[PDB]
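Novice: The following file, target.pdb, comprises PDB, C-alpha atoms:
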ATOM      1  CA  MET A   1     141.850 166.649 112.427
ATOM      2  CA  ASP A   2     139.213 166.032 109.735
ATOM      3  CA  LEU A   3     141.092 162.681 109.771
ATOM      4  CA  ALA A   4     140.453 161.908 113.426
ATOM      5  CA  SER A   5     136.753 162.923 113.173
ATOM      6  CA  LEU A   6     136.405 160.805 110.000
ATOM      7  CA  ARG A   7     137.600 157.858 111.954
ATOM      8  CA  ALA A   8     135.245 158.783 114.778
ATOM      9  CA  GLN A   9     132.274 158.947 112.408
ATOM     10  CA  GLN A  10     133.297 155.586 110.984
ATOM     11  CA  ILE A  11     133.364 153.629 114.265
ATOM     12  CA  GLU A  12     130.047 155.212 115.283
ATOM     13  CA  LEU A  13     128.323 154.135 112.047
ATOM     14  CA  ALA A  14     129.848 150.667 112.258
ATOM     15  CA  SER A  15     128.334 150.526 115.744
ATOM     16  CA  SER A  16     124.886 151.584 114.581
ATOM     17  CA  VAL A  17     124.585 148.896 111.833
ATOM     18  CA  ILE A  18     121.591 146.661 112.631
ATOM     19  CA  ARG A  19     122.551 142.972 112.263
ATOM     20  CA  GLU A  20     119.108 141.448 112.635
ATOM     21  CA  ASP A  21     116.199 141.287 110.290
ATOM     22  CA  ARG A  22     114.129 144.442 110.248
ATOM     23  CA  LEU A  23     112.217 144.557 107.031
ATOM     24  CA  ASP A  24     109.101 146.710 107.190
ATOM     25  CA  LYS A  25     107.656 144.862 104.200
ATOM     26  CA  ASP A  26     108.220 141.155 103.973
ATOM     27  CA  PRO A  27     108.034 140.064 101.307
ATOM     28  CA  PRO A  28     109.196 143.193  99.484
ATOM     29  CA  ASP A  29     107.116 144.554  96.595
ATOM     30  CA  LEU A  30     110.125 146.350  95.211
ATOM     31  CA  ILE A  31     113.846 145.664  95.534
ATOM     32  CA  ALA A  32     116.783 147.665  94.327
ATOM     33  CA  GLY A  33     120.276 146.990  93.017
ATOM     34  CA  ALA A  34     123.184 149.418  93.403
ATOM     35  CA  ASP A  35     126.670 149.869  91.902
ATOM     36  CA  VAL A  36     129.308 152.579  92.472
ATOM     37  CA  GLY A  37     132.665 153.363  90.909
ATOM     38  CA  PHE A  38     134.980 156.105  89.695
ATOM     39  CA  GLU A  39     135.682 157.781  86.412
ATOM     40  CA  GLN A  40     138.268 160.331  85.334
ATOM     41  CA  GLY A  41     140.887 158.725  87.563
ATOM     42  CA  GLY A  42     138.821 159.458  90.673
ATOM     43  CA  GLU A  43     137.392 162.916  89.913
ATOM     44  CA  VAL A  44     133.906 161.643  89.189
ATOM     45  CA  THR A  45     131.942 159.199  91.284
ATOM     46  CA  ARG A  46     129.281 157.260  89.371
ATOM     47  CA  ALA A  47     126.412 155.325  90.930
ATOM     48  CA  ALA A  48     123.738 153.251  89.229
ATOM     49  CA  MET A  49     120.471 152.225  90.914
ATOM     50  CA  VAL A  50     117.989 149.738  89.656
ATOM     51  CA  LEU A  51     114.448 148.947  90.761
ATOM     52  CA  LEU A  52     112.991 145.503  90.321
ATOM     53  CA  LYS A  53     109.663 143.957  91.236
ATOM     54  CA  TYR A  54     109.655 141.162  93.747
ATOM     55  CA  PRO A  55     109.116 138.216  93.298
ATOM     56  CA  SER A  56     109.259 138.538  89.496
ATOM     57  CA  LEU A  57     112.662 140.273  89.483
ATOM     58  CA  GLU A  58     111.454 142.565  86.642
ATOM     59  CA  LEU A  59     113.287 145.722  85.793
ATOM     60  CA  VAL A  60     111.031 148.710  86.107
ATOM     61  CA  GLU A  61     113.485 151.524  86.453
ATOM     62  CA  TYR A  62     117.060 152.567  86.559
ATOM     63  CA  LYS A  63     118.944 155.779  87.172
ATOM     64  CA  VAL A  64     122.549 156.872  86.960
ATOM     65  CA  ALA A  65     124.049 159.764  88.943
ATOM     66  CA  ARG A  66     127.473 161.242  88.272
ATOM     67  CA  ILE A  67     128.990 163.764  90.692
ATOM     68  CA  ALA A  68     132.324 165.334  91.402
ATOM     69  CA  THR A  69     134.407 163.488  93.983
ATOM     70  CA  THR A  70     134.994 165.842  96.897
ATOM     71  CA  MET A  71     137.197 163.779  99.103
ATOM     72  CA  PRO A  72     140.441 162.195  98.008
ATOM     73  CA  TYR A  73     141.104 158.535  98.490
ATOM     74  CA  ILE A  74     142.214 157.837 102.004
ATOM     75  CA  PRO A  75     142.798 154.231 102.870
ATOM     76  CA  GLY A  76     140.069 152.724 105.045
ATOM     77  CA  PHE A  77     137.595 155.423 104.070
ATOM     78  CA  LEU A  78     136.389 154.424 100.649
ATOM     79  CA  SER A  79     132.743 154.253 101.739
ATOM     80  CA  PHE A  80     132.710 158.043 102.404
ATOM     81  CA  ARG A  81     133.565 158.852  98.779
ATOM     82  CA  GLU A  82     131.205 156.182  97.479
ATOM     83  CA  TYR A  83     128.260 157.085  99.652
ATOM     84  CA  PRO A  84     127.383 160.481  98.176
ATOM     85  CA  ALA A  85     126.968 159.086  94.653
ATOM     86  CA  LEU A  86     124.681 156.317  95.873
ATOM     87  CA  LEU A  87     122.624 158.940  97.666
ATOM     88  CA  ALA A  88     122.322 161.034  94.479
ATOM     89  CA  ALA A  89     121.163 158.039  92.410
ATOM     90  CA  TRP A  90     118.741 157.034  95.198
ATOM     91  CA  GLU A  91     117.030 160.397  95.141
ATOM     92  CA  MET A  92     116.514 160.035  91.377
ATOM     93  CA  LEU A  93     114.322 156.936  92.064
ATOM     94  CA  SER A  94     110.608 157.514  91.512
ATOM     95  CA  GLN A  95     109.734 155.097  94.336
ATOM     96  CA  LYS A  96     111.611 153.618  97.225
ATOM     97  CA  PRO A  97     112.548 149.944  97.478
ATOM     98  CA  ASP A  98     111.820 147.660 100.477
ATOM     99  CA  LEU A  99     115.209 145.955 100.299
ATOM    100  CA  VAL A 100     118.451 147.013  98.646
ATOM    101  CA  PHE A 101     121.246 144.825  97.304
ATOM    102  CA  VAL A 102     124.585 146.687  97.020
ATOM    103  CA  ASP A 103     127.476 145.481  94.874
ATOM    104  CA  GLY A 104     130.073 145.813  97.585
ATOM    105  CA  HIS A 105     130.820 144.871 101.125
ATOM    106  CA  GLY A 106     128.546 145.004 104.087
ATOM    107  CA  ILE A 107     130.102 144.427 107.478
ATOM    108  CA  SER A 108     132.679 142.094 105.863
ATOM    109  CA  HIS A 109     135.071 145.054 105.807
ATOM    110  CA  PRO A 110     138.283 145.798 107.781
ATOM    111  CA  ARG A 111     136.388 148.554 109.663
ATOM    112  CA  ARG A 112     132.936 146.798 109.705
ATOM    113  CA  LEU A 113     131.542 149.519 107.480
ATOM    114  CA  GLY A 114     131.562 148.490 103.848
ATOM    115  CA  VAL A 115     129.726 150.716 101.387
ATOM    116  CA  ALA A 116     126.549 148.650 101.635
ATOM    117  CA  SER A 117     126.414 149.105 105.421
ATOM    118  CA  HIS A 118     127.343 152.771 105.045
ATOM    119  CA  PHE A 119     124.579 153.384 102.505
ATOM    120  CA  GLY A 120     122.003 151.081 104.140
ATOM    121  CA  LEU A 121     122.446 152.827 107.464
ATOM    122  CA  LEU A 122     122.351 156.451 106.329
ATOM    123  CA  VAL A 123     119.311 155.797 104.130
ATOM    124  CA  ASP A 124     117.791 153.420 106.749
ATOM    125  CA  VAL A 125     116.531 150.712 104.426
ATOM    126  CA  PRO A 126     117.096 147.010 104.686
ATOM    127  CA  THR A 127     120.344 146.422 102.753
ATOM    128  CA  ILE A 128     122.561 143.502 101.773
ATOM    129  CA  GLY A 129     126.212 143.532 100.752
ATOM    130  CA  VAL A 130     126.783 141.285  97.721
ATOM    131  CA  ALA A 131     130.498 141.498  97.083
ATOM    132  CA  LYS A 132     132.453 139.885  94.256
ATOM    133  CA  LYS A 133     135.794 139.481  96.117
ATOM    134  CA  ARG A 134     137.099 138.956  99.662
ATOM    135  CA  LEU A 135     138.302 142.088 101.480
ATOM    136  CA  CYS A 136     139.150 140.654 104.884
ATOM    137  CA  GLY A 137     138.451 137.562 107.019
ATOM    138  CA  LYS A 138     139.094 133.895 106.133
ATOM    139  CA  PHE A 139     137.086 130.934 104.746
ATOM    140  CA  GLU A 140     137.612 127.220 104.073
ATOM    141  CA  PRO A 141     138.218 126.954 100.340
ATOM    142  CA  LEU A 142     135.035 125.949  98.463
ATOM    143  CA  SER A 143     134.494 122.877  96.419
ATOM    144  CA  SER A 144     133.679 123.520  92.814
ATOM    145  CA  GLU A 145     129.996 122.658  92.604
ATOM    146  CA  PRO A 146     127.292 125.320  92.605
ATOM    147  CA  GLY A 147     125.927 125.768  96.167
ATOM    148  CA  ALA A 148     129.208 125.242  97.917
ATOM    149  CA  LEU A 149     128.943 127.289 101.070
ATOM    150  CA  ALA A 150     131.414 128.407 103.812
ATOM    151  CA  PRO A 151     131.251 131.096 106.561
ATOM    152  CA  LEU A 152     133.639 134.014 106.429
ATOM    153  CA  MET A 153     135.427 134.310 109.759
ATOM    154  CA  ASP A 154     137.395 137.086 111.351
ATOM    155  CA  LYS A 155     138.526 137.407 114.939
ATOM    156  CA  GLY A 156     136.074 134.643 115.993
ATOM    157  CA  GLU A 157     133.149 136.371 114.219
ATOM    158  CA  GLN A 158     131.144 135.427 111.101
ATOM    159  CA  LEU A 159     131.098 138.473 108.820
ATOM    160  CA  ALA A 160     129.595 136.900 105.702
ATOM    161  CA  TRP A 161     128.501 133.883 103.766
ATOM    162  CA  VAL A 162     130.760 132.800 100.895
ATOM    163  CA  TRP A 163     128.445 131.103  98.356
ATOM    164  CA  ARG A 164     129.130 129.727  94.891
ATOM    165  CA  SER A 165     126.017 130.931  93.000
ATOM    166  CA  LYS A 166     126.945 129.279  89.759
ATOM    167  CA  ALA A 167     129.203 126.530  88.431
ATOM    168  CA  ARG A 168     132.593 127.812  87.230
ATOM    169  CA  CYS A 169     132.103 131.274  88.658
ATOM    170  CA  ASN A 170     133.883 132.717  91.625
ATOM    171  CA  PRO A 171     131.686 132.937  94.701
ATOM    172  CA  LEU A 172     129.820 135.837  96.304
ATOM    173  CA  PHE A 173     130.529 137.364  99.697
ATOM    174  CA  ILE A 174     127.110 138.111 101.136
ATOM    175  CA  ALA A 175     126.916 140.061 104.375
ATOM    176  CA  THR A 176     124.492 142.197 106.271
ATOM    177  CA  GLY A 177     124.452 145.765 105.014
ATOM    178  CA  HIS A 178     121.856 147.094 107.460
ATOM    179  CA  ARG A 179     118.669 145.572 108.952
ATOM    180  CA  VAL A 180     119.235 142.142 107.436
ATOM    181  CA  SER A 181     120.875 139.206 109.358
ATOM    182  CA  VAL A 182     123.761 137.340 107.692
ATOM    183  CA  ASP A 183     121.602 134.195 107.189
ATOM    184  CA  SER A 184     118.696 136.202 105.770
ATOM    185  CA  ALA A 185     121.226 138.056 103.498
ATOM    186  CA  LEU A 186     122.167 134.717 101.896
ATOM    187  CA  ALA A 187     118.521 133.652 101.706
ATOM    188  CA  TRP A 188     117.432 136.830  99.947
ATOM    189  CA  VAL A 189     120.274 136.730  97.462
ATOM    190  CA  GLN A 190     119.323 133.109  96.582
ATOM    191  CA  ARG A 191     115.711 134.240  96.076
ATOM    192  CA  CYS A 192     116.897 136.878  93.627
ATOM    193  CA  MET A 193     118.863 134.506  91.358
ATOM    194  CA  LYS A 194     117.995 133.889  87.837
ATOM    195  CA  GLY A 195     120.684 132.166  85.814
ATOM    196  CA  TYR A 196     123.753 134.386  86.213
ATOM    197  CA  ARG A 197     126.617 134.721  88.696
ATOM    198  CA  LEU A 198     125.070 137.769  90.400
ATOM    199  CA  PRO A 199     121.580 138.104  91.742
ATOM    200  CA  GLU A 200     119.435 140.126  89.370
ATOM    201  CA  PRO A 201     119.412 143.444  91.212
ATOM    202  CA  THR A 202     123.218 143.858  91.250
ATOM    203  CA  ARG A 203     123.576 142.218  87.840
ATOM    204  CA  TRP A 204     121.225 144.866  86.493
ATOM    205  CA  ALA A 205     122.925 147.616  88.423
ATOM    206  CA  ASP A 206     126.321 146.649  86.832
ATOM    207  CA  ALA A 207     124.799 146.326  83.346
ATOM    208  CA  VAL A 208     123.418 149.877  83.245
TER     209      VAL A 208
END
Before anything else, please render the file you have as structure tokens.
Specialist:
Amino acid sequence: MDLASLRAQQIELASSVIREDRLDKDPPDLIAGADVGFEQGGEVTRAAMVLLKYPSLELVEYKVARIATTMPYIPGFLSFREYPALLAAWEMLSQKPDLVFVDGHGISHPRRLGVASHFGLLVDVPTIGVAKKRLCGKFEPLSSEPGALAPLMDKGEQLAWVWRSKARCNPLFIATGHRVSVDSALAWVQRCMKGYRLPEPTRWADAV
């Protein structure tokens, strides 16, 4: 069972996610944005990484990796196909960021191991999940103003902050990836806003 040991790996990694602040460099000098997806109906995994300066939020570099998908889609295990592409893009970076924002779920994931937690943990860098849609859990519907804020709850636990970053946009689901608390994850995303729906690092990562 490659399937039973996949599952085993998963619950171990979910266990090892750090849910408290552990930045080695606060404030960061350099942050990064990350995006992953699939091309060729799943045969190629593509990941984009972006480096910005903090606090300016200036683009200084970006890199795209494309690799062949080696694992097929298996429900619950998307982070294992996504992870290798993010790793490849990461290793193209000419310097390493102090904090990483991933376009995707942190612990706010059925298995507590969204791609942002998966990546953050294997690479061991402070990481935040900035997701565009709910995956699991529940929240009190948000009022329509910018700054509307509700906790995302599952099983008695807060997995994320649901935060309307911008008027007339759908909200963000901001969760710890690795080595960032849920409340600091929100704080850091808010610090990395300019005038769009997404914070700059993942906006940039999607744009390249």
Novice: Exactly which residues make up the result of the PyMOL selection byres ((chain A and resi 159-166) around 8) on this file, given as JSON, numbers by chain?
Specialist: {"A": [107, 108, 137, 139, 142, 144, 145, 146, 147, 148, 149, 150, 151, 152, 153, 154, 157, 158, 167, 168, 169, 170, 171, 172, 173, 174, 175, 176, 182, 183, 186, 190, 195, 196, 197, 198]}
Novice: With a distance cut-off of 7 Å and only C-alpha atoms, select the neighbouring residues of region 15-25 of chain A, excluding the residue or stretch itself and same-chain residues fewer than 4 positions from it, and output the selection as an mmCIF file with C-alpha atoms, keeping the file's coordinate frame.
Specialist:
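Output file part.cif follows:
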data_model
loop_
_atom_site.group_PDB
_atom_site.id
_atom_site.type_symbol
_atom_site.label_atom_id
_atom_site.label_comp_id
_atom_site.auth_asym_id
_atom_site.auth_seq_id
_atom_site.Cartn_x
_atom_site.Cartn_y
_atom_site.Cartn_z
ATOM 1 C CA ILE A 11 133.364 153.629 114.265
ATOM 2 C CA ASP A 98 111.820 147.660 100.477
ATOM 3 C CA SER A 117 126.414 149.105 105.421
ATOM 4 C CA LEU A 121 122.446 152.827 107.464
ATOM 5 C CA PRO A 126 117.096 147.010 104.686
ATOM 6 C CA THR A 176 124.492 142.197 106.271
ATOM 7 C CA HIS A 178 121.856 147.094 107.460
ATOM 8 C CA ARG A 179 118.669 145.572 108.952
ATOM 9 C CA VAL A 180 119.235 142.142 107.436
ATOM 10 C CA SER A 181 120.875 139.206 109.358
#
Novice: Determine the axis-aligned bounding box of all atoms of region 84-99 of chain A present in the file, pad each side by 3 Å, and express its centre and edge lengths in Å to one decimal place as lines of an AutoDock Vina configuration file.
Specialist:
center_x = 118.6
center_y = 153.5
center_z = 95.9
size_x = 23.6
size_y = 21.1
size_z = 15.1
Novice: Evaluate the PyMOL selection byres ((chain A and resi 37-53) around 7) and record the selected residues as a ChimeraX atom specification, following the chain and residue labels used in the document.
Specialist: /A:29-36,54-69,82,85-86,89-90,201,204-205,208
Novice: Within 6 Å of residue 177 (chain A), counting only C-alpha atoms, which residues qualify if same-chain residues fewer than 2 places away don't, as a ChimeraX atom specification?
Specialist: /A:106,116-117,120,127-129
Novice: For CA of residue 100 (chain A) and CA of residue 125 (chain A), quote the distance in Å rounded to one decimal.
Specialist: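 Distance between the two atoms: 7.1 Å.
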Novice: So how far away is CA of residue 9 (chain A) from CA of residue 206 (chain A), in Å?
Specialist: 29.0 Å
Novice: Between A:81, A:155, A:112, A:203, which one has atoms that come closest to residue 130 (chain A), using all atoms listed in the file?
Specialist: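 Of the candidates, the smallest distance to residue 130 (chain A) is held by A:203.
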Novice: What is the CA of residue 184 (chain A)-CA of residue 199 (chain A) distance in Å, reported with one decimal?
Specialist: 14.4 Å
Novice: Of the candidates A:87, A:187, A:3, A:207, which one gets nearest to residue 71 (chain A) if we count all atoms listed in the file?
Specialist: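 Of the candidates, the smallest distance to residue 71 (chain A) is held by A:3.
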Novice: Which residues match the PyMOL selection byres ((chain A and resi 10) around 12) in the file above, as a count of residues only?
Specialist: 30
Novice: Counting all atoms listed in the file, figure out which residue out of A:27, A:136, A:1, A:91 gets nearest to residue 191 (chain A).
Specialist: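 Closest candidate: A:27.
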Novice: Choose the residue, out of A:72, A:119, A:189, A:96, that has the smallest atom-to-atom separation from residue 84 (chain A); count all atoms listed in the file.
Specialist: A:119
